[PDB]
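Going down the list, the sequences are from chains B and A. According to the authors' numbering, the stretch in the first sequence is residues 1 to 152, 170 to 317, in order. With the first letter of the second sequence counted as 1, position 101 gets the number 1933 in the authors' numbering; the numbers rise by one all the way through. From the three backbone atoms N, C-alpha and C, an ideal C-beta is built for every residue, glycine too.
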Amino acid sequence: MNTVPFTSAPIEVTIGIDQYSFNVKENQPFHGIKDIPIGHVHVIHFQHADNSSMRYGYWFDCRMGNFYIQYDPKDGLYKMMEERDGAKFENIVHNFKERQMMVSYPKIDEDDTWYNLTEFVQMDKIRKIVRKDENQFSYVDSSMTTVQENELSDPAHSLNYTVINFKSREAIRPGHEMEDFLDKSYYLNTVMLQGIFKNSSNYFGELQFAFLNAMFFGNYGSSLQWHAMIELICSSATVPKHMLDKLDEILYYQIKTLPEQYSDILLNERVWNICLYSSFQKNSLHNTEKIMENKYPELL
Amino acid sequence: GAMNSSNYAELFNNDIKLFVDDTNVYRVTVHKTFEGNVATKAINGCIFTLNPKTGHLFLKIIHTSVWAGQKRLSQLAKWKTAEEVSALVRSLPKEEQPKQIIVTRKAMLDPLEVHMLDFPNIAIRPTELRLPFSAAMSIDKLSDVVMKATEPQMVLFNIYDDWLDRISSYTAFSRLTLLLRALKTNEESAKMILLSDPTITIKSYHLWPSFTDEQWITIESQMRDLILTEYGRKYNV
């Protein structure tokens, strides 16, 4: 179990750790989050009591170093940092626990939800989508735009998701125009899986990171990427059985975990009605279809 | 964006553009089988590709053999149209390639776009206009060349004959769509009006009679009266 200490909490802010979140009052003595489960990626995020705009946060993994949070009054936000002094860091962490000023990551032991949302998410891949390689953790916020969004401004702050475009030379072999646009199997399996992503797990991992950024920051271009990656699978006639079955699990926990009030902006009606009812893989998403119908029959 | 009554006159500027009408690409008769089931028999079709500015018509004939052994033919008809339009553009010298292609039916956008991926600077546009180009097979010479064809074949025409010697493009296109609007609503009447006078002939290199200017005015009025009448009849106004 690992710890992410906070130097202080000088402004009123709602803090999230993964799917959990806590209200912290201006200069309440909050000094960190303990018992964070080793072995997965994590995200720690913020929404100031005063600006319900700009949700922001940090993807990290505690195996890659000792991280703490510190409010910056110049830049106006909670910043994630690395302590390189191992001894100086266990010292901080042990004193705040002794004083019991830290919350416990509140994991029910029956609950695989976080593991189910991050199964294929790996910190190394995240740091390629969010290039900033003097930190081992990654910043994301509400307003960051993706590489594909920018093509249609500032690249240092871009989300370098893999560009998927159904009407591009990449997607469409010449002479197979009609075939390849109606049956994207060759874009999916040769171009994206074997070509770019190399395996299904990196693809799933990007799909999943996209979702989480959409859900936790309302990053609209991540939402677009999650939908595009779902759609490319569902619109392919030939998909390894192991991907179809894993996809149905992946989507099930994403749909399950989504705040009920948010379905309207985070769920693209066309994509889901095509995937679940019109696509080649209509019949291969039995759990995702059951949960979508019982929870959001309106969208359908 | 889409083409409509507001930006109508853009059709007649000096930016090369073509209309693609796909309505007659896939044509069938519907009949009964010996066992009483229904079946279709395909007949020859045509893509109607038209430069509204100059009258040039790229009549690509679609031979029934194209369909042999194919499923989902009405869907395939759209991809074939897009394929042939793409091949046409590719065959034209650069300075003749269009800057815009306007498809009369929105279902053509995705097939055409996909087939034009090599021509990113050619804009594919829909239209809100209700153009009568399905009546192109009501022009006898066009229906004749399509129905006799024994192979794929492109036949080139000027759909305005020699009108542009005496009128503008804008007015030529208005005449053409009025004629074809009338052929569509009541072909028998429309064709009666055009040939009632045996002394007015069609040149061998033309599609329409050689009306004088004054005779065209009477024709146009007779076509307008035909179209209005048919409307009251349709709706009982």
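Pair within 8 Å by beta-carbon distance, residue i and residue j
i         : j         : result
B/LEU210  : B/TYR220  : yes
B/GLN225  : B/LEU117  : yes
B/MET309  : B/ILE272  : yes
A/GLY1833 : A/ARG2007 : no
A/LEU2039 : A/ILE1954 : no
B/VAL4    : B/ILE33   : yes
B/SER252  : B/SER296  : yes
A/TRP1899 : A/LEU1905 : yes
A/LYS1931 : A/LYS1864 : no
B/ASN177  : B/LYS215  : no
A/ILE2032 : A/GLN2054 : no
B/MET102  : B/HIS31   : yes
A/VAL1857 : A/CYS1878 : yes
A/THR2009 : A/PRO1964 : yes
B/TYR105  : B/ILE15   : no
A/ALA1981 : A/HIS1888 : no
A/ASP1854 : A/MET1940 : yes
A/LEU1843 : A/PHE2005 : yes
B/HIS40   : B/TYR139  : no
B/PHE234  : B/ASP281  : no
Buried or exposed (CB count within 10 angstroms, at least 16 for buried), residue i
i         : result
B/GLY57   : buried
B/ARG99   : exposed
A/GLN1902 : exposed
B/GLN47   : buried
B/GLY86   : exposed
A/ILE1934 : buried
A/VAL1852 : buried
A/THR1913 : buried
B/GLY76   : exposed
A/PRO1943 : buried
A/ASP2045 : exposed
A/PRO1884 : buried
B/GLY212  : exposed
A/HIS1947 : buried
B/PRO73   : exposed
A/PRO1952 : exposed
A/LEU2060 : exposed
B/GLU248  : buried
B/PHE96   : buried
B/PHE22   : exposed
A/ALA1841 : exposed
B/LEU317  : exposed
B/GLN70   : exposed
B/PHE137  : buried
A/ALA1919 : exposed
A/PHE1866 : exposed
B/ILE17   : buried
B/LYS258  : exposed
Any chain A beta carbon closer than 8 Å to residue i
i        : result
B/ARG190 : no
B/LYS201 : no
B/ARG186 : yes
Contact set between residue i and chain A, taken where Cβ atoms lie within less than 9 Å
i        : result
B/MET195 : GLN1907, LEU1908, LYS1910, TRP1911, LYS1912, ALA1914, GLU1915, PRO1943, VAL1946, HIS1947
B/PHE198 : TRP1911, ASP1942, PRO1943, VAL1946
Report task. Taking only beta carbons into account, state which residues of the segment 1903 to 1928 of chain A come closer than 8 Å to chain B, listed in chain order. Result -> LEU1908, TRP1911, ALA1914, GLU1915
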